[PDB]
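FYI the Cβ positions are ideal-geometry reconstructions off the backbone, even for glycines, and counts take in every protein chain you see. FYI, it's all coordinate maths here, none of it is from the lab.
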Amino acid sequence: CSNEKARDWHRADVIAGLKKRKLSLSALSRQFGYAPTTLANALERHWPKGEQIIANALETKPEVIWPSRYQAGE
């Protein structure tokens, strides 16, 4: 019924995976300035630039945390 964690990283695979080192949507938010609400709402809101902030911490690409949303190829 609820896809919640459809194919992308669970809301917990995001924070649990990231927080596994030293990251929390609350810290990355004030580290750049955007209130904690912005970073959080960046999970379902229209703002692909918010995922860059998170993926940047893993030195990876957002296409790795949300692959089923990106499929136009490369």
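The table for this structure:
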read-out: Residues within segment 33-43 that are touching a residue at least 12 places away in the same chain (Cβ under 8 Å) and exposed (fewer than 12 other Cβ atoms within 10 Å of the Cβ), tallied; value: 0
read-out: Of residues in segment 18-69 being in a loop (DSSP other than H, G, I, E, B) and among the hydrophobic types (A, V, I, L, M, F, W, C), the one nearest to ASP8 (Cα to Cα); value: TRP66
read-out: Residue within segment 2-21 that is loosely packed, with under 12 Cβ neighbours inside 10 Å, β-branched (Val, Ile, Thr) and closer than 27 Å to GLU74 by Cα present; value: no
read-out: Pair list, Cβ < 6 Å and 6+ apart or interchain, from segment 44-56 residues that are closer than 19 Å to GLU4 by Cβ to residues that are outside any loop (DSSP other than H, G, I, E, B) and not hydrophobic (A, V, I, L, M, F, W, C); value: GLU51/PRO62
read-out: Set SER29, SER24: member being crowded, with 17+ Cβ neighbours inside 10 Å and farther than 23 Å from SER68 by Cα; value: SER29
read-out: Segment 50-62: number of residues that are under 10 Å from the mean Cα position of the chain (by Cα) and charged (D, E, K, R); value: 1
read-out: Count of residues meeting criterion [more than 15 Å from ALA57 (Cα to Cα) and either of a type in the set (S, T, N, Q) or in a helix (DSSP H, G or I) (or both)] in segment 1-17; value: 4
